[PDB]
Colleague: 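So that we are looking at the same thing, I have put the structure below in structure tokens.
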Amino acid sequence: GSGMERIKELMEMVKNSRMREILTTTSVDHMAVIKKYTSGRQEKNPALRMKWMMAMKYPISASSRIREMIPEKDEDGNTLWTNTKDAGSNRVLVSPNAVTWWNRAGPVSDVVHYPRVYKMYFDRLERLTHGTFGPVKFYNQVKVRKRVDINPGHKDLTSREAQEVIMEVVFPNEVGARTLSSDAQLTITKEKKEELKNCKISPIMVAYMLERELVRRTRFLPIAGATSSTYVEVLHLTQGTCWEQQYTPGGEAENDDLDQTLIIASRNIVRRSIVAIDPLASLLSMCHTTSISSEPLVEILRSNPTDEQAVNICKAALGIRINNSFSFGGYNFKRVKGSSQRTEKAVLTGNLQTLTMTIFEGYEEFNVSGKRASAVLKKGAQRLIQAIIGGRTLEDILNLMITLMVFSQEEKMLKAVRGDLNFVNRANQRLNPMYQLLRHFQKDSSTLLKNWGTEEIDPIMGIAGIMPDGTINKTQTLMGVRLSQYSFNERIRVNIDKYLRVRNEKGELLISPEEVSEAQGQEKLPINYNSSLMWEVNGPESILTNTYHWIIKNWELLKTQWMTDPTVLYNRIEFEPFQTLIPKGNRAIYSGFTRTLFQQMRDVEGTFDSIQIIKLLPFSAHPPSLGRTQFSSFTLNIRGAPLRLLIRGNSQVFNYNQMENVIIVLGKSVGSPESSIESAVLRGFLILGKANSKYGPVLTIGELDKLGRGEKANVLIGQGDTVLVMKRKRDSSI
Amino acid sequence: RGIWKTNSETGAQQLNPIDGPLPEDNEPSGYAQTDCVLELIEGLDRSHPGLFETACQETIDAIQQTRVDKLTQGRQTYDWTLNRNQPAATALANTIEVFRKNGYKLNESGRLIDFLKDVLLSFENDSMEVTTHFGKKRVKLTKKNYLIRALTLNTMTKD
Amino acid sequence: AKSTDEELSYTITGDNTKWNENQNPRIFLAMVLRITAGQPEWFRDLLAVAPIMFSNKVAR
Amino acid sequence: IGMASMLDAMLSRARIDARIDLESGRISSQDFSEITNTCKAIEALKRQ
Amino acid sequence: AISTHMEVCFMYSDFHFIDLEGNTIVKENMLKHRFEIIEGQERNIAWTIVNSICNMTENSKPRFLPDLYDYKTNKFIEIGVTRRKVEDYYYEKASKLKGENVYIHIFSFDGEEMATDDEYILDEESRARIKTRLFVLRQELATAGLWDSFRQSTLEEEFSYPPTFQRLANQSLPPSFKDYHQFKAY
RNA sequence: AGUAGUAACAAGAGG
RNA sequence: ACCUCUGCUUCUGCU
Ligand SMILES: CN1CN([C@@H]2O[C@H](COP(=O)(O)OP(=O)(O)OP(=O)(O)O)[C@@H](O)[C@H]2O)c2nc(N)[nH]c(=O)c21
Ligand SMILES: Nc1ccn([C@@H]2O[C@H](COP(=O)(O)OP(=O)(O)OP(=O)(O)O)[C@@H](O)[C@H]2O)c(=O)n1
Ligand SMILES: [Mg+2]
């Protein structure tokens with residue numbers, strides 16, 4: 001009697017004039033309101049109210065039908081239900097003894113569908129049961145707040161694709177007009193439809209769980225290590241304020257996460273290696289010791305098809321064949337001939353927006369292949385010189401065109417952005433310029449297409465054309481856009497020198513380490529370098545805190561060495577990571593400044609300052625170079641934002657707190673070491689004490705050169721202070 | 001120190017301190033100056049070209065798409081048909097029902113904006129009829145009564 | 001980053017007296033009209049409704 | 001979504017559900033007729 | 001127009017059943033209807049019926065809402081009625097419905113029709129009835145002086161202030177302004 | 001009385 | 001007297 005009982009119920013209701021009035025005068029639309037009509041209020045103090053009600057005999061509201069399904073009194077004479085109707089419904093008031101009764105003695109259903117419906121939940125336990133624990137380590141680490149994924153096993157659908165799918169799976173006949181384009185949608189539907197046939201769990205719970213499962217959800221969390229969802233899921237277990245619990249969840253990685261981590265590892269290794277005396281030797285060492293989730297980096301590099309500049313430098317070193325390309329918009333980009341160079345510049349979008357953006361300037365040629373489409377591209381500086389394109393469908397040729405127009409960096413696409421497009425997230429975090437544009441013009445190219453123009457095509461027919469419509473067109477096309485139809489995938493043997501320059505067998509320069517992106521990303525999966533060349537605690541913030549913590553804890557030895565044998569101190573290997581945080585162009589001068597200042601402190605007895613030494617020491621670690629520049633600070637690149645470390649006194653980055661007697665680096669204690677004359681702030685000058693108008697007006701720093709041995713001044717030294725300086729009668733060579 | 005007027009529709013005494021005399025001490029002041037506010041908002045427009053336009057565009061789309069039942073999402077709501085607070089959904093239903101009995105029903109479209117139209121149009125009514133429970137009695141609000149209730153915020157203390 | 005090394009920097013941990021009592025519906029009306037400049041008049045007038053009603057509000 | 005009454009939607013749905021159930025064999029031909037009958041009686045009763 | 005279109009549709013399938021055998025019948029008074037009437041269902045309800053049919057038959061779903069479905073032919077029906085001609089009209093409808101299996105069937109008031117590929121899935125008897133009724137309508141449309149009238153046949157969002165609210169608006173301004181429109185201009 | 005604390009509880013409502 | 005009902009329901013807001 002499928003349909004029998006419900007139509008009979010309906011009959012009875014329509015026999016009541018009131019109910020008939022409601023059902024004949026309430027639109028489906030208006031049902032959305034009257035569905036919520038109530039005198040009942042959302043409890044405002046549920047904790048108190050439950051403590052109150054749980055003292056009562058009949059605090060629970062149950063379906064009327066409970067009266068048919070369980071006894072009125074149990075074996076012990078407890079009343080389980082009553083006939084009192086709960087306010088505003090036909091539910092009845094029952095005892096908590098009714099719940100226990102049901103659970104010991106009620107009807108037994110089969111639970112076969114439970115694992116599948118609540119898979120998202122059960123998978124959590126599966127990962128944990130098959131998880132492996134390593135040691136706990138104790139240290140301070142900066143946990144930086146970022147947005148991370150929180151639900152492993154999603155299918156990367158938008159809420160409207162999920163809805164569409166869930167409508168098909170759970171309520172197919174109520175779908176309405178339109179149906180599913182995507183094939184992802186279709187194979188999920190079938191799988192789920194097949195998994196959940198004959199399912200008797202409430203469709204509400206099935207839809208709820210499907211929605212939780214299928215849609216990617218994120219959250220902003222403080223997170224020090226691996227950002228993958230399977231690690232996020234156990235953040236409470238693996239990360240504490242002063243500890244890491246090494247752990248590997250059961251199950252496979254995502255190929256996406258591994259690829260992403262491989263790139264981060266390879267970039268980290270390249271950047272660390274470039275600052276060693278023998279980059280190639282250092283890079284090979286790190287390649288050979290590093291693992292990603294206990295998989296050797298060497299094996300990943302042999303088996304993994306990722307084409308990226310740092311990855312390829314590592315592959316070359318290891319004698320692995322490379323496809324001299326990178327990824328962009330899902331398409332693989334082999335550079336045939338020419339080259340260019342990375343330069344940042346300001347750029348007004350048609351959105352009406354200023355934006356620093358790395359722009360490649362120069363002549364280049366690109367073979368481009370995807371899984372459905374391919375093309376030949378010729379490029380200048382923000383110049384789409386020409387794009388010859390092919391594939392399976394019109395669709396797939398289009399989708400690559402969009403990508404290439406955007407890839408050009410042309411003004412016409414720059415100034416075709418319309419509506420909401422920003423380059424910083426809500427949290428003020430800078431986003432990828434190019435990926436933003438790509439996602440935009442894939443949502444809607446109509447402006448882009450109309451803003452581009454057209455071109456009259458010749459009779460060398462075979463060189464076809466595509467119109468601002470998206471239309472196939474014989475005599476006209478867009479600008480630089482044509483249509484046509486061995487060894488693009490083919491991996492080549494290269495050679496690599498001591499400084500990581502990669503060349504073919506013919507000996508042409510394919511890759512230089514300066515072409516490796518400077519972006520410090522966060523790895524989706526754990527990286528263990530297992531290397532003497534890398535701090536045990538990963539990450540840029542940790543380079544800072546680790547280095548200073550290490551100086552301090554070893555200060556007694558390092559001090560004696562500062563006094564007796566500086567040059568050996570400066571060249572120590574523990575300072576190399578820190579060097580990677582300093583802008584390349586500043587390393588030598590920063591070093592020269594620091595060594596000079598340190599020599600001055602030696603020459604001018606009685607002016608020892610251990611904090612000043614600790615603070616500047618890592619900047620000593622580069623072949624020096626003397627100059628005229630006085631520095632008021634040194635720049636450090638942390639996560640692509642410059643922090644400035646003030647030469648004189650405390651800064652946000654580095655400060656000594658008198659009250660705690662600790663040095664605080666990026667907000668973290670790194671422990672403590674435990675006259676007015678300052679010898680190690682200015683090159684060639686001494687600070688005596690507070691300013692004195694006796695010796696004339698307050699000079700900037702960059703106006704002190706025009707003094708002479710013994711001659712004094714007043715200086716705006718920094719952070720609002722004015723001080724009395726003296727140019728030294730003898731200076732220090734270093 | 002602002003300007004008093006009597007409202008033509010409600011008879012309410014209404015104080016207007018805007019463009020009033022400038023503050024003369026540090027006591028809390030409501031003497032906000034229109035031209036200064038406008039300068040600030042213009043400044044915000046200039047710092048963020050296209051921001052106002054985009055936020056407006058999104059708001060327009062929202063106005064077109066929003067269903068009347070969006071208003072069910074509030075908590076305790078002043079219910080003018082009863083002169084008592086009610087859950088938001090119950091308050092919405094009551095307004096809709098009394099509106100339709102008095103001839104306002106653009107909201108039958110299911111669109112919030114049509115309910116908003118009904119609201120403004122309801123103020124033209126000579127006498128809005130509601131029913132009180134003594135059994136059941138029809139009560140006619142004066143145009144002024146009704147408008148006062150429409151413009152009411154109920155008050156209670158924060159616990 | 002935008003500061004020079006020679007600048008002092010101070011932070012006010014800040015709160016306002018009786019924020020809500022000193023906000024003004026007439027000012028909100030101005031803000032709404034200015035934000036929505038150049039937009040269709042139906043939408044400007046629709047959004048101006050809330051400030052106007054607040055200017056004319058009463059408290060039970 | 002809809003401007004149709006709650007009752008009209010339920011009637012339309014019962015009828016067309018009963019028909020598919022019939023073809024697919026989830027329901028007898030007797031049951032089916034009673035459903036369409038109940039529907040007709042509801043249709044009528046809705047006129048006072 | 002809509003009234004007539006509807007009547008035609010109801011006629012097309014009234015007193016048209018299928019036996020437990022599965023054969024076209026026609027009866028005045030065990031059986032089951034032959035067609036499903038889709039025209040005149042509210043849009044949302046209609047799509048549900050379509051979907052239920054397409055999910056049963058595993059057939060593709062049409063881009064547009066048809067007027068009927070036939071449980072014997074397993075065909076969705078589109079219907080039109082025209083005070084114009086049967087062929088200038090048909091060719092517009094087949095174009096609009098290009099590339100989806102939908103049996104069209106025009107009728108004019110003259111009382112002449114034109115199925116697709118002149119293959120009729122309805123008997124002449126039942127088709128005559130409709131042609132009859134169409135003429136009789138033309139006949140009572142012409143006697144009343146309507147038939148000439150009949151045969152010949154986005155706006156921007158509005159939101160404005162009625163009088164009371166306009167007066168409130170005028171009183172909601174900084175003190176120097178006389179009315180809302182003057183303030184908005186400033 | 002006591003709780004409390006700018007206003008309440010120290011049973012309310014109905015028969 | 002006694003009877004009946006009630007224990008957040010004339011009072012818990014906003015992004
Ligand atoms: C327009 N582009 C972009 N591009 C390459 O595109 C690749 C990926 O694009 P991207 O936006 O720079 O991303 P990337 O910096 O790798 O991302 P991340 O933020 O993770 O560092 C890079 O390796 C970059 O070299 C180019 N490479 C060359 N040679 N010439 C070009 O004109 C361009
Ligand atoms: N529970 C709360 C608390 C605050 N606010 C809003 O937050 C503003 C600032 O709150 P607060 O600083 O606590 O109060 P003020 O109204 O500024 O008064 P004062 O600081 O002088 O006490 C309030 O005016 C009000 O708009 C609110 O709506 N609900
Ligand atoms: Mg405040």
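Reckoned from all heavy atoms, side chains included, excluding hydrogens, waters and symmetry mates. A, B, ... follow the sequence lines: proteins, then strands. Residue 1 opens every chain.
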Colleague: How far does the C1' atom of F/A1 sit from the matching atom of F/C9, given to the nearest Å?
Modeller: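 Their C1' atoms lie roughly 14 Å apart.
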
Colleague: Is F/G5 in the syn range, within 90° of 0, or in the anti range?
Modeller: syn

Colleague: When you compare the protein's N or O atoms with those of nucleotides 13-15 of chain F, which come within less than 3.5 Å of each other, and at what distance?
Modeller:
none

Colleague: I want to confirm an ordering. Mapping B/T77 and B/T155 to their closest nucleotides on RNA chain G, which one lands closer to the 5' end?
Modeller: B/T155

Colleague: Determine whether neighbouring nucleotides G/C11 and G/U12 are base-stacked, defined as six-membered ring centroids separated by less than 5.5 Å with an interplanar angle below 30°.
Modeller: no

Colleague: Under the ring pair (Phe, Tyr, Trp, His ring centres under 6.0 Å) criterion, do C/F28 and C/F54 qualify, and how do the steps go?
Modeller: CA-CA 9 Å; C/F28 289 158; C/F54 266 79; 8.0 Å; no

Colleague: Using both distances under 3.5 Å as the test, list the Watson-Crick or G-U wobble partner of G/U9, or none.
Modeller: none

Colleague: Of B/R75 and A/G40, whose nearest nucleotide on RNA chain G comes first from the 5' end?
Modeller: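 Nearer the 5' end of the strand: A/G40.
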
Colleague: OP1 or OP2 of G/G7 less than 4.0 angstrom from a side-chain nitrogen or oxygen of A/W52, does that happen here?
Modeller: no

Colleague: Between B/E108 and B/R100 (salt bridge meaning N to carboxylate O under 4.0 Å), is one present in this structure?
Modeller: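 A salt bridge is absent here (no side-chain N lies under 4.0 Å from a carboxylate O).
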
Colleague: Just checking B/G74: base, sugar-phosphate only, or nothing, at a heavy-atom cut-off of under 4.0 Å?
Modeller: sugar-phosphate

Colleague: Taking only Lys NZ, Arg NE, NH1 and NH2, and the carboxylate oxygens of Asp or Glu, determine whether A/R18 and A/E21 approach each other closer than 4.0 Å.
Modeller: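 Looking at A/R18 and A/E21, the cut-off is not met.
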
Colleague: Give each stem of RNA chain F as a range with a range, requiring at least 3 consecutive Watson-Crick or G-U wobble pairs whose two distances are under 3.5 Å.
Modeller: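 So far as stems of 3 or more pairs are concerned, RNA chain F shows F:11-15 with G:2-6.
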
